[PDB]
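Below: data24.cif (mmCIF, C-alpha atoms and all ligand atoms)
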```cif
data_model
#
loop_
_atom_site.group_PDB
_atom_site.id
_atom_site.type_symbol
_atom_site.label_atom_id
_atom_site.label_comp_id
_atom_site.auth_asym_id
_atom_site.auth_seq_id
_atom_site.Cartn_x
_atom_site.Cartn_y
_atom_site.Cartn_z
ATOM 1 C CA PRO A 841 0.000 0.000 0.000
ATOM 2 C CA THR A 842 3.062 2.267 -0.446
ATOM 3 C CA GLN A 843 2.728 2.130 -4.250
ATOM 4 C CA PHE A 844 0.892 5.038 -5.875
ATOM 5 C CA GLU A 845 -0.451 4.882 -9.411
ATOM 6 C CA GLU A 846 0.554 7.930 -11.415
ATOM 7 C CA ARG A 847 -2.891 8.287 -13.047
ATOM 8 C CA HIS A 848 -4.415 9.162 -9.651
ATOM 9 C CA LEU A 849 -1.980 11.960 -8.767
ATOM 10 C CA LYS A 850 -3.811 15.200 -9.463
ATOM 11 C CA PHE A 851 -1.383 18.124 -9.760
ATOM 12 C CA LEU A 852 -2.391 21.078 -7.596
ATOM 13 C CA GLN A 853 0.667 23.347 -7.569
ATOM 14 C CA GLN A 854 4.434 23.527 -7.428
ATOM 15 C CA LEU A 855 5.685 24.022 -3.879
ATOM 16 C CA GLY A 856 9.413 24.327 -4.444
ATOM 17 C CA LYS A 857 12.362 23.741 -6.754
ATOM 18 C CA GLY A 858 15.852 22.759 -5.665
ATOM 19 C CA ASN A 859 18.707 20.255 -5.704
ATOM 20 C CA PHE A 860 17.907 18.872 -9.198
ATOM 21 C CA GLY A 861 14.437 18.190 -7.780
ATOM 22 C CA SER A 862 11.000 19.689 -7.508
ATOM 23 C CA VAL A 863 8.178 19.240 -4.996
ATOM 24 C CA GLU A 864 4.508 19.510 -5.931
ATOM 25 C CA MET A 865 1.244 19.571 -4.030
ATOM 26 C CA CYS A 866 -1.019 16.835 -5.473
ATOM 27 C CA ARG A 867 -4.227 15.023 -4.488
ATOM 28 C CA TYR A 868 -4.112 11.225 -4.457
ATOM 29 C CA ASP A 869 -7.673 10.402 -5.503
ATOM 30 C CA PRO A 870 -7.869 6.812 -6.776
ATOM 31 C CA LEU A 871 -11.658 6.713 -6.292
ATOM 32 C CA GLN A 872 -11.936 9.812 -8.534
ATOM 33 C CA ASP A 873 -14.598 11.167 -6.154
ATOM 34 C CA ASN A 874 -12.435 14.025 -4.770
ATOM 35 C CA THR A 875 -11.969 12.331 -1.386
ATOM 36 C CA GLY A 876 -8.293 11.434 -1.660
ATOM 37 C CA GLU A 877 -5.714 13.105 0.498
ATOM 38 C CA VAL A 878 -3.347 15.916 -0.441
ATOM 39 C CA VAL A 879 0.298 14.734 -0.529
ATOM 40 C CA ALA A 880 3.694 16.171 -1.427
ATOM 41 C CA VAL A 881 5.350 14.658 -4.513
ATOM 42 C CA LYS A 882 9.067 15.025 -5.111
ATOM 43 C CA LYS A 883 10.481 14.361 -8.574
ATOM 44 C CA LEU A 884 13.726 14.934 -10.439
ATOM 45 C CA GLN A 885 13.799 17.865 -12.818
ATOM 46 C CA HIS A 886 16.177 16.082 -15.241
ATOM 47 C CA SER A 887 16.394 12.309 -14.715
ATOM 48 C CA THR A 888 19.980 11.224 -15.433
ATOM 49 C CA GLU A 889 21.313 7.875 -14.183
ATOM 50 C CA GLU A 890 23.482 9.397 -11.442
ATOM 51 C CA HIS A 891 20.565 11.515 -10.220
ATOM 52 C CA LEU A 892 18.258 8.470 -10.266
ATOM 53 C CA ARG A 893 20.617 6.402 -8.099
ATOM 54 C CA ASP A 894 21.030 9.328 -5.692
ATOM 55 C CA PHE A 895 17.247 9.709 -5.599
ATOM 56 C CA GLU A 896 16.786 6.015 -4.826
ATOM 57 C CA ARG A 897 19.262 6.279 -1.952
ATOM 58 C CA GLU A 898 17.455 9.376 -0.633
ATOM 59 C CA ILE A 899 14.162 7.451 -0.801
ATOM 60 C CA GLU A 900 15.661 4.508 1.127
ATOM 61 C CA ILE A 901 17.006 6.889 3.753
ATOM 62 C CA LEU A 902 13.633 8.596 4.272
ATOM 63 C CA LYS A 903 11.786 5.284 4.410
ATOM 64 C CA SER A 904 14.174 4.245 7.200
ATOM 65 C CA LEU A 905 13.273 7.270 9.377
ATOM 66 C CA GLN A 906 10.319 7.386 11.803
ATOM 67 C CA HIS A 907 10.300 10.371 14.154
ATOM 68 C CA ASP A 908 7.869 13.083 15.190
ATOM 69 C CA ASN A 909 10.228 15.702 13.725
ATOM 70 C CA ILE A 910 10.947 13.997 10.397
ATOM 71 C CA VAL A 911 8.562 14.334 7.452
ATOM 72 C CA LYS A 912 6.648 11.095 6.894
ATOM 73 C CA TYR A 913 7.363 8.884 3.903
ATOM 74 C CA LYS A 914 4.183 7.646 2.245
ATOM 75 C CA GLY A 915 5.470 5.793 -0.804
ATOM 76 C CA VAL A 916 6.785 5.903 -4.361
ATOM 77 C CA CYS A 917 5.281 6.156 -7.820
ATOM 78 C CA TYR A 918 6.897 4.823 -11.016
ATOM 79 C CA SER A 919 4.126 3.833 -13.413
ATOM 80 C CA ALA A 920 6.290 5.361 -16.178
ATOM 81 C CA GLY A 921 8.346 2.195 -16.579
ATOM 82 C CA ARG A 922 11.774 2.536 -14.962
ATOM 83 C CA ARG A 923 12.138 6.305 -14.833
ATOM 84 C CA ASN A 924 10.032 9.248 -13.639
ATOM 85 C CA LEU A 925 10.415 7.864 -10.133
ATOM 86 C CA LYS A 926 8.508 10.052 -7.647
ATOM 87 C CA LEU A 927 8.705 10.139 -3.853
ATOM 88 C CA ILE A 928 5.397 10.528 -2.008
ATOM 89 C CA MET A 929 5.503 12.271 1.385
ATOM 90 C CA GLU A 930 2.970 13.758 3.741
ATOM 91 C CA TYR A 931 1.966 17.342 2.908
ATOM 92 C CA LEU A 932 2.626 19.851 5.709
ATOM 93 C CA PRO A 933 0.213 22.788 5.330
ATOM 94 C CA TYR A 934 2.236 25.709 6.712
ATOM 95 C CA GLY A 935 5.147 25.362 4.308
ATOM 96 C CA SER A 936 8.786 25.877 5.169
ATOM 97 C CA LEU A 937 9.840 27.442 8.430
ATOM 98 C CA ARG A 938 11.575 30.144 6.368
ATOM 99 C CA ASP A 939 8.236 31.278 4.874
ATOM 100 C CA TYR A 940 6.239 30.672 8.059
ATOM 101 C CA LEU A 941 8.591 32.600 10.278
ATOM 102 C CA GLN A 942 8.726 35.498 7.835
ATOM 103 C CA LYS A 943 4.919 35.598 7.596
ATOM 104 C CA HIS A 944 4.135 35.426 11.299
ATOM 105 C CA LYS A 945 7.173 37.149 12.823
ATOM 106 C CA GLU A 946 5.123 39.491 14.976
ATOM 107 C CA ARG A 947 3.319 36.689 16.784
ATOM 108 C CA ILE A 948 6.115 34.096 17.244
ATOM 109 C CA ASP A 949 8.154 34.857 20.373
ATOM 110 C CA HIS A 950 11.521 33.461 21.561
ATOM 111 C CA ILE A 951 9.969 30.658 23.613
ATOM 112 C CA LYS A 952 8.297 29.447 20.423
ATOM 113 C CA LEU A 953 11.567 29.695 18.468
ATOM 114 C CA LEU A 954 13.193 27.581 21.161
ATOM 115 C CA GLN A 955 10.420 25.027 20.892
ATOM 116 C CA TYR A 956 11.217 24.800 17.167
ATOM 117 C CA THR A 957 14.972 24.690 17.888
ATOM 118 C CA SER A 958 14.583 21.830 20.329
ATOM 119 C CA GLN A 959 12.479 19.805 17.871
ATOM 120 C CA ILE A 960 15.113 20.371 15.187
ATOM 121 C CA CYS A 961 17.772 19.086 17.611
ATOM 122 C CA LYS A 962 15.812 15.961 18.399
ATOM 123 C CA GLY A 963 15.330 15.305 14.680
ATOM 124 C CA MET A 964 19.059 15.798 13.958
ATOM 125 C CA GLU A 965 20.106 13.608 16.880
ATOM 126 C CA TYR A 966 17.903 10.805 15.572
ATOM 127 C CA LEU A 967 19.590 11.225 12.190
ATOM 128 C CA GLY A 968 22.960 10.855 13.935
ATOM 129 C CA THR A 969 21.985 7.652 15.701
ATOM 130 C CA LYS A 970 21.430 6.237 12.232
ATOM 131 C CA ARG A 971 24.887 7.595 11.220
ATOM 132 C CA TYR A 972 23.180 9.864 8.619
ATOM 133 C CA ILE A 973 24.721 13.256 7.711
ATOM 134 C CA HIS A 974 22.085 15.752 6.555
ATOM 135 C CA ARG A 975 24.460 18.343 4.990
ATOM 136 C CA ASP A 976 21.700 20.685 3.819
ATOM 137 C CA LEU A 977 20.064 21.843 7.080
ATOM 138 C CA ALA A 978 18.467 25.295 6.592
ATOM 139 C CA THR A 979 15.153 26.937 7.468
ATOM 140 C CA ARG A 980 14.035 26.302 3.863
ATOM 141 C CA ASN A 981 14.249 22.491 4.594
ATOM 142 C CA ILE A 982 12.420 22.647 7.898
ATOM 143 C CA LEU A 983 8.683 22.340 7.461
ATOM 144 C CA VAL A 984 5.810 23.436 9.655
ATOM 145 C CA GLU A 985 3.086 20.891 10.374
ATOM 146 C CA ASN A 986 1.263 23.185 12.819
ATOM 147 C CA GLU A 987 2.150 25.980 15.240
ATOM 148 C CA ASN A 988 3.517 23.466 17.756
ATOM 149 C CA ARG A 989 5.414 21.064 15.456
ATOM 150 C CA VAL A 990 8.171 21.376 12.815
ATOM 151 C CA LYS A 991 9.929 18.569 10.918
ATOM 152 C CA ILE A 992 13.104 18.116 8.891
ATOM 153 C CA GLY A 993 11.498 18.026 5.518
ATOM 154 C CA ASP A 994 13.982 17.121 2.784
ATOM 155 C CA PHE A 995 16.888 14.652 2.502
ATOM 156 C CA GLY A 996 18.312 15.263 -0.981
ATOM 157 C CA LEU A 997 21.933 15.700 0.212
ATOM 158 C CA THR A 998 21.871 13.271 3.132
ATOM 159 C CA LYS A 999 24.651 10.669 3.119
ATOM 160 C CA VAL A 1000 25.409 7.617 5.247
ATOM 161 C CA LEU A 1001 28.783 7.597 6.958
ATOM 162 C CA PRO A 1002 31.210 4.827 6.030
ATOM 163 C CA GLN A 1003 31.198 2.193 8.725
ATOM 164 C CA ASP A 1004 34.850 2.917 9.636
ATOM 165 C CA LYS A 1005 35.011 6.746 9.478
ATOM 166 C CA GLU A 1006 33.300 9.689 11.196
ATOM 167 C CA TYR A 1007 33.218 11.867 8.059
ATOM 168 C CA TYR A 1008 32.117 11.564 4.455
ATOM 169 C CA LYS A 1009 34.042 13.300 1.644
ATOM 170 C CA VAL A 1010 31.943 14.586 -1.279
ATOM 171 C CA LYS A 1011 32.250 17.301 -3.954
ATOM 172 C CA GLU A 1012 28.891 17.633 -5.708
ATOM 173 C CA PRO A 1013 28.958 19.529 -9.030
ATOM 174 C CA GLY A 1014 26.886 22.683 -8.866
ATOM 175 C CA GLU A 1015 26.321 25.609 -6.574
ATOM 176 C CA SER A 1016 26.739 24.631 -2.943
ATOM 177 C CA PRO A 1017 25.091 26.470 -0.047
ATOM 178 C CA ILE A 1018 28.483 27.619 1.182
ATOM 179 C CA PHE A 1019 27.118 30.138 3.655
ATOM 180 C CA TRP A 1020 25.797 27.246 5.782
ATOM 181 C CA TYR A 1021 28.862 24.963 5.417
ATOM 182 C CA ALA A 1022 31.491 24.256 8.070
ATOM 183 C CA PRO A 1023 35.033 25.400 7.202
ATOM 184 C CA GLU A 1024 36.322 21.835 6.810
ATOM 185 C CA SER A 1025 33.435 21.251 4.374
ATOM 186 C CA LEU A 1026 34.615 24.216 2.254
ATOM 187 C CA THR A 1027 38.333 23.327 2.386
ATOM 188 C CA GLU A 1028 38.315 19.523 2.437
ATOM 189 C CA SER A 1029 34.746 18.591 1.351
ATOM 190 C CA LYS A 1030 34.407 16.776 4.706
ATOM 191 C CA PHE A 1031 30.891 16.334 6.127
ATOM 192 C CA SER A 1032 30.180 14.898 9.583
ATOM 193 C CA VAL A 1033 27.837 15.169 12.553
ATOM 194 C CA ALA A 1034 30.000 18.123 13.579
ATOM 195 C CA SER A 1035 29.465 19.978 10.296
ATOM 196 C CA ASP A 1036 25.740 19.336 10.683
ATOM 197 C CA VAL A 1037 26.161 21.032 14.101
ATOM 198 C CA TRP A 1038 27.851 24.028 12.440
ATOM 199 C CA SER A 1039 24.941 24.271 10.030
ATOM 200 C CA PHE A 1040 22.489 23.921 12.905
ATOM 201 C CA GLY A 1041 24.131 26.991 14.393
ATOM 202 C CA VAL A 1042 23.380 28.815 11.142
ATOM 203 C CA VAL A 1043 19.765 27.604 11.348
ATOM 204 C CA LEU A 1044 19.555 29.025 14.861
ATOM 205 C CA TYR A 1045 20.932 32.327 13.583
ATOM 206 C CA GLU A 1046 18.314 32.225 10.811
ATOM 207 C CA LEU A 1047 15.490 31.714 13.298
ATOM 208 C CA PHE A 1048 16.545 34.592 15.485
ATOM 209 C CA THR A 1049 16.794 37.013 12.533
ATOM 210 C CA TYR A 1050 13.149 36.072 11.684
ATOM 211 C CA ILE A 1051 14.353 35.849 8.054
ATOM 212 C CA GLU A 1052 14.899 39.575 7.884
ATOM 213 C CA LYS A 1053 16.048 40.304 4.350
ATOM 214 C CA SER A 1054 19.419 42.020 4.752
ATOM 215 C CA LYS A 1055 20.213 39.722 7.691
ATOM 216 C CA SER A 1056 20.470 36.395 5.801
ATOM 217 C CA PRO A 1057 23.773 34.519 6.002
ATOM 218 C CA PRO A 1058 24.599 35.177 2.314
ATOM 219 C CA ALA A 1059 23.914 38.899 2.774
ATOM 220 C CA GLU A 1060 25.876 39.217 6.017
ATOM 221 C CA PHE A 1061 28.851 37.151 4.778
ATOM 222 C CA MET A 1062 29.054 38.991 1.451
ATOM 223 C CA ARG A 1063 28.926 42.252 3.365
ATOM 224 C CA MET A 1064 31.826 41.059 5.538
ATOM 225 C CA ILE A 1065 34.084 39.899 2.702
ATOM 226 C CA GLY A 1066 33.023 42.780 0.476
ATOM 227 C CA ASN A 1067 30.453 42.659 -2.330
ATOM 228 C CA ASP A 1068 33.327 43.407 -4.772
ATOM 229 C CA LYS A 1069 34.308 39.695 -4.998
ATOM 230 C CA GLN A 1070 32.832 37.308 -7.546
ATOM 231 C CA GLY A 1071 33.218 33.757 -8.645
ATOM 232 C CA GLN A 1072 35.413 31.281 -6.838
ATOM 233 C CA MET A 1073 37.017 34.242 -5.036
ATOM 234 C CA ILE A 1074 33.918 34.328 -2.787
ATOM 235 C CA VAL A 1075 34.618 30.845 -1.389
ATOM 236 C CA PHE A 1076 38.290 31.684 -0.912
ATOM 237 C CA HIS A 1077 37.504 34.814 1.042
ATOM 238 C CA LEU A 1078 34.807 33.044 3.046
ATOM 239 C CA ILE A 1079 37.396 30.437 4.020
ATOM 240 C CA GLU A 1080 39.829 33.105 5.169
ATOM 241 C CA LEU A 1081 37.061 34.966 6.982
ATOM 242 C CA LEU A 1082 36.134 31.847 8.928
ATOM 243 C CA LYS A 1083 39.747 30.978 9.693
ATOM 244 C CA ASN A 1084 40.263 34.431 11.256
ATOM 245 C CA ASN A 1085 37.198 33.794 13.429
ATOM 246 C CA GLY A 1086 34.930 36.023 11.377
ATOM 247 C CA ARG A 1087 31.322 35.187 12.290
ATOM 248 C CA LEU A 1088 27.701 36.116 11.680
ATOM 249 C CA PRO A 1089 26.614 38.829 14.167
ATOM 250 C CA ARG A 1090 24.220 38.399 17.047
ATOM 251 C CA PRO A 1091 20.705 38.996 15.649
ATOM 252 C CA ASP A 1092 18.716 41.931 16.997
ATOM 253 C CA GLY A 1093 17.027 40.945 20.223
ATOM 254 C CA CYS A 1094 18.841 37.616 20.518
ATOM 255 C CA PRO A 1095 19.867 36.937 24.160
ATOM 256 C CA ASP A 1096 23.539 36.339 24.892
ATOM 257 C CA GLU A 1097 23.145 32.691 25.884
ATOM 258 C CA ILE A 1098 21.445 31.908 22.549
ATOM 259 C CA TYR A 1099 24.178 33.664 20.626
ATOM 260 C CA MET A 1100 26.649 31.686 22.717
ATOM 261 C CA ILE A 1101 25.024 28.458 21.556
ATOM 262 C CA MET A 1102 25.532 29.727 18.013
ATOM 263 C CA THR A 1103 29.178 30.643 18.538
ATOM 264 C CA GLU A 1104 29.870 27.281 20.125
ATOM 265 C CA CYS A 1105 28.372 25.541 17.102
ATOM 266 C CA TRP A 1106 30.705 27.632 14.900
ATOM 267 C CA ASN A 1107 33.968 26.297 16.343
ATOM 268 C CA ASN A 1108 36.745 25.889 13.801
ATOM 269 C CA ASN A 1109 37.842 22.901 15.943
ATOM 270 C CA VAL A 1110 35.538 20.153 14.692
ATOM 271 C CA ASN A 1111 35.825 18.115 17.902
ATOM 272 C CA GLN A 1112 34.921 21.025 20.190
ATOM 273 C CA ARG A 1113 31.484 21.560 18.781
ATOM 274 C CA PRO A 1114 28.610 20.448 21.035
ATOM 275 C CA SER A 1115 26.514 17.352 20.491
ATOM 276 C CA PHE A 1116 22.878 17.588 19.454
ATOM 277 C CA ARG A 1117 21.843 15.975 22.724
ATOM 278 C CA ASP A 1118 23.674 18.745 24.610
ATOM 279 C CA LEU A 1119 22.144 21.367 22.304
ATOM 280 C CA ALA A 1120 18.658 20.054 23.103
ATOM 281 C CA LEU A 1121 19.461 20.017 26.839
ATOM 282 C CA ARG A 1122 20.675 23.614 26.897
ATOM 283 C CA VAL A 1123 17.786 24.865 24.737
ATOM 284 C CA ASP A 1124 15.247 23.084 26.946
ATOM 285 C CA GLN A 1125 16.838 24.544 30.098
ATOM 286 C CA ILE A 1126 16.620 28.062 28.684
ATOM 287 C CA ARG A 1127 13.050 27.509 27.534
ATOM 288 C CA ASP A 1128 12.112 26.343 31.044
ATOM 289 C CA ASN A 1129 13.786 29.398 32.588
ATOM 290 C CA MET A 1130 11.863 31.698 30.250
ATOM 291 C CA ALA A 1131 8.576 30.188 31.438
HETATM 292 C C1 LIG B 1201 7.884 17.361 1.668
HETATM 293 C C2 LIG B 1201 6.961 18.570 1.836
HETATM 294 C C3 LIG B 1201 5.782 18.492 2.526
HETATM 295 N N1 LIG B 1201 5.007 19.578 2.600
HETATM 296 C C4 LIG B 1201 5.383 20.713 2.081
HETATM 297 N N2 LIG B 1201 4.498 21.830 2.262
HETATM 298 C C5 LIG B 1201 4.558 23.193 1.713
HETATM 299 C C6 LIG B 1201 3.395 23.959 1.755
HETATM 300 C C7 LIG B 1201 3.385 25.254 1.253
HETATM 301 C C8 LIG B 1201 4.555 25.796 0.743
HETATM 302 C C9 LIG B 1201 4.611 27.216 0.130
HETATM 303 C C10 LIG B 1201 4.176 27.466 -1.277
HETATM 304 C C11 LIG B 1201 3.761 28.926 -1.507
HETATM 305 N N3 LIG B 1201 4.017 29.743 -0.393
HETATM 306 C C12 LIG B 1201 3.695 30.893 -0.624
HETATM 307 C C13 LIG B 1201 3.288 29.246 0.701
HETATM 308 C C14 LIG B 1201 3.755 27.852 1.157
HETATM 309 C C15 LIG B 1201 5.692 25.030 0.709
HETATM 310 F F1 LIG B 1201 6.828 25.566 0.189
HETATM 311 C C16 LIG B 1201 5.719 23.730 1.199
HETATM 312 N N4 LIG B 1201 6.515 20.822 1.435
HETATM 313 C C17 LIG B 1201 7.295 19.786 1.289
HETATM 314 N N5 LIG B 1201 8.558 19.870 0.573
HETATM 315 C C18 LIG B 1201 9.154 21.118 0.144
HETATM 316 C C19 LIG B 1201 8.360 22.015 -0.528
HETATM 317 C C20 LIG B 1201 8.854 23.227 -0.973
HETATM 318 C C21 LIG B 1201 10.180 23.537 -0.751
HETATM 319 C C22 LIG B 1201 10.999 22.615 -0.091
HETATM 320 C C23 LIG B 1201 10.511 21.389 0.367
HETATM 321 N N6 LIG B 1201 12.350 23.209 -0.021
HETATM 322 S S1 LIG B 1201 13.722 22.225 -0.019
HETATM 323 O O1 LIG B 1201 13.535 21.179 0.971
HETATM 324 O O2 LIG B 1201 14.878 23.006 0.419
HETATM 325 C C24 LIG B 1201 14.060 21.550 -1.684
HETATM 326 C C25 LIG B 1201 14.311 22.672 -2.671
HETATM 327 C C26 LIG B 1201 12.899 20.705 -2.202
HETATM 328 C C27 LIG B 1201 15.353 20.770 -1.577
HETATM 329 C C28 LIG B 1201 12.308 24.601 -0.410
HETATM 330 C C29 LIG B 1201 11.006 24.779 -1.124
#
```
Go ahead and render the structure in this file as structure tokens.
Ligand SMILES: Cc1cnc(Nc2ccc(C3CCN(C)CC3)c(F)c2)nc1Nc1ccc2c(c1)N(S(=O)(=O)C(C)(C)C)CC2
Amino acid sequence: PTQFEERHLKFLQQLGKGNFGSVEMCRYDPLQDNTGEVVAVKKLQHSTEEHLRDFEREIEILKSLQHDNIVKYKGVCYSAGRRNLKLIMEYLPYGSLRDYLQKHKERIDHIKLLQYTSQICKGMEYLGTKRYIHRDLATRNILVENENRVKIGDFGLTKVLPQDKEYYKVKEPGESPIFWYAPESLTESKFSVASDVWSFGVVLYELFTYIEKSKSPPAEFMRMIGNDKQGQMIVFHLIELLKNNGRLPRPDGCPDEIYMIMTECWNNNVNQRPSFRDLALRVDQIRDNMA
């Protein structure tokens, strides 16, 4: 019952476009009586063989995850012979946390941000117990099920660690979200639980800027290295900036202990970054104090 027939997927709209993939809102309505449920359908935008094998691995990863803060796998659809493989997931109605936060910023306070932050930590820790490296954590990948629950919502870049190493080396061709990447990911293409923690620090920054426009990591980092650079030079300068302990600023209104969580996630020393369990503990302690 995790096999969807393509003929019954009714396209409703395009939700998002990304890592060689696209996500659409559809209605699965096999009875053709308009009682089927609305689902999210992910497909490749250009189905090469390398992208198909990556997509199949991403599907297997998501099917292996069951957690309150991980988007639910529903099934696959490939009635177009081999190709046009599509991943069926639950549809979350409030969209990405990036959009949601931006749209409701005047009625989401810091205790609510910390609720979201803690759920993100629990999701990421579960990923780590499976030895999965997410790589692409960002508020655009975090989805809002309702006002009290968010979920990690996309796994297109997630890799499994080798059984004998604590990192995974990978250089994907294309534009990489460098303003969320740990320094050792920029210099050595090394991804680990610790670089996921660096990126989680960027997600926390994102949350506390409420997705204010000029305050995004790309905007702040390009302001710090100078908007006069272009091309590969950008990466180079970013690397230098991070190696001289250049960092994203404290967002307006962010308390010092929250910014300190951020700065501890952004340690150049990979082994000195906190664990996700410790991140959840600290966030939950602060949230309790605020109440
Ligand atoms: C699996 C899933 C489940 N439910 C939802 N619901 C949902 C509902 C509404 C909106 C918007 C649409 C219009 N605006 C105005 C209002 C709400 C929405 F965007 C999503 N979306 C999902 N995936 C999903 C969708 C879109 C994007 C995703 C991921 N990313 S992404 O992960 O980075 C990437 C690129 C796929 C790699 C970034 C964009």
_Nearby polymer residues, ligand LIG 1201 (chain B), at most 8 Å, all atoms listed in the file, as an MDAnalysis selection string_ = chainID A and resid 854:859 861:865 879:882 911 929:936 939:940 976 978 980:984 993:996
Wanna dump the region 928-971 of chain A-region 1035-1047 of chain A contacts at 8 Å for me, each residue with its shortest atom pair and the distance in Å to one decimal, counting only C-alpha atoms, ordered by chain and number, as JSON lines?
```
{"residue": "A:941", "atom": "CA", "partner": "A:1047", "partner_atom": "CA", "distance": 7.6}
{"residue": "A:953", "atom": "CA", "partner": "A:1047", "partner_atom": "CA", "distance": 6.8}
{"residue": "A:957", "atom": "CA", "partner": "A:1044", "partner_atom": "CA", "distance": 7.0}
```
Draw an axis-aligned box over all listed atoms of region 901-911 of chain A, pad each side with 5 Å, and write its centre and edge lengths in Å, one decimal, as AutoDock Vina command-line options.
```
--center_x 12.4 --center_y 10.0 --center_z 9.5 --size_x 19.1 --size_y 21.5 --size_z 21.4
```
*asked:* Between A:1088, A:892, A:905, A:1074, which residue has the minimum interatomic distance to residue 924 (chain A), considering all atoms listed in the file?
replied: A:892
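Coordinates place CA of residue 888 (chain A) at a distance of 29.8 Å from CA of residue 964 (chain A).
The coordinates place CA of residue 1000 (chain A) at 16.7 Å from CA of residue 891 (chain A).
Distances here use all atoms listed in the file; by that measure, the residue among A:1050, A:1007, A:846, A:878 closest to residue 947 (chain A) is A:1050.
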*Which residues come within 12 Å of residue 1061 (chain A), counting only C-alpha atoms, excluding same-chain residues fewer than 5 positions away, as number ranges by chain?*
A: 1018-1020, 1042, 1054-1056, 1066-1067, 1069, 1074-1075, 1077-1082, 1086-1089
